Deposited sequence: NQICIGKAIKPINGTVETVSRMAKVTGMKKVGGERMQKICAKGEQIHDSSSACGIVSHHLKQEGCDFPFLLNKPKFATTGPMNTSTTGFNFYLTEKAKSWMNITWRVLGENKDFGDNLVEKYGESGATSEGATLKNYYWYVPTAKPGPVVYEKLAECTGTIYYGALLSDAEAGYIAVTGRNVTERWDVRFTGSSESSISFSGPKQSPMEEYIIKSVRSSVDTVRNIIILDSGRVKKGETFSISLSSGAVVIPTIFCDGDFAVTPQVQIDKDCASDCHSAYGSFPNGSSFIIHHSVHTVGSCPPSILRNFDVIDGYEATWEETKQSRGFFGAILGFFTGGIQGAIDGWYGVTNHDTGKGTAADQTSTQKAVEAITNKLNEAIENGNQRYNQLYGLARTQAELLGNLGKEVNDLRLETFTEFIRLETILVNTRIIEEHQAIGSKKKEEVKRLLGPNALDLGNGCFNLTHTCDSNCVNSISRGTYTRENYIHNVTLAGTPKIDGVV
């Protein structure tokens, strides 16, 4: 009779966006992983000290609040609000210092201490009874007040250093500590990776009179000392300098950058594990991309995008006579038939395997391209700590928008390449079948062939594995 080849007919699932048109496909999936309901924290420590500690207490190493100086830092951390009351000095913080201490208290790296070098360079630190509990600060009060000096040091990592002043309230104490007249404004400057400065004066003179008002009172009500702080940034190789006068204070620790913990905001659930956790839930295992609005995450995490996109999973539906599809039911994607169902139709696994492998290879190449673009766009030697510190209070990252646009443009190319590869596979298969059939077999040109003899179902399935031979079918002539 006649024989035809084509694709198995399956119900249409959806539509994908090719470069030149929209293609109807029998199966599609989503490239990026989706956030889940809870946080999977099986087999991991949770640090919760929000009942006794504060943001500044960890920095200043108050008793019982020593997260930055721990040994095995937990991945999840939580503590009191920024305006908590400590048991030592009253404190005031610059906006930059606030934005940087929201982050630096929970870095998971190793913090370098240089208080000793200061001790041998400038003698013993200042001593006061109001800071008995607190144990991490150097107070520069030389005998020859004020005696300005410049402290030079080659940094050991890339981090943040907190510097400023520690001054009392009464004029007598201020004069006795600084040795300067009350009507004098004096500066403390920091020159590392960037230049920063802060100004001070007497208690009843600007701008310290606002430092008293805006200060955060301590737990004990009989302390007159206020510590005013500001932040400066260093570099691993470069040398940083601090301009120190009498009364100046500095927290002797370089809070090295790196990955920093997250503060849970949703339900914490045990008995389940994951690999990429966020502040609002974890993510499924082995995701190529992540639906997230930031680069802050813990564990092994792929690049983040803002919205999902659809990629192909089956094949194009090029059918509704013979239109290209096969009415029979077969176990595969491509097949050959003689308009008979049940025994006269067979499927070939080679084309299906080639199509699946092509889909997988195209997806892998696209993922590699996206990863390379992400690395170029953020930098190979990046760090979440500095990436969020430099952002500040801004919650919109335009680089994420650029990355999302790049992924959106890449998905269309993926679909186009997959469809073109499928078309090439089909053309090669039909040309091979035509060559195998021989030159005495008429070709319809639409994928069907019309033999000069009768071709039963054995005639059909013989072609399936390519063992068909012309000799056994020479008998009889028909058109």
If a residue lacks a C-alpha atom here, it counts as unmodelled; so which stretches of the deposited sequence fall into that category? 321 to 334, 494 to 503
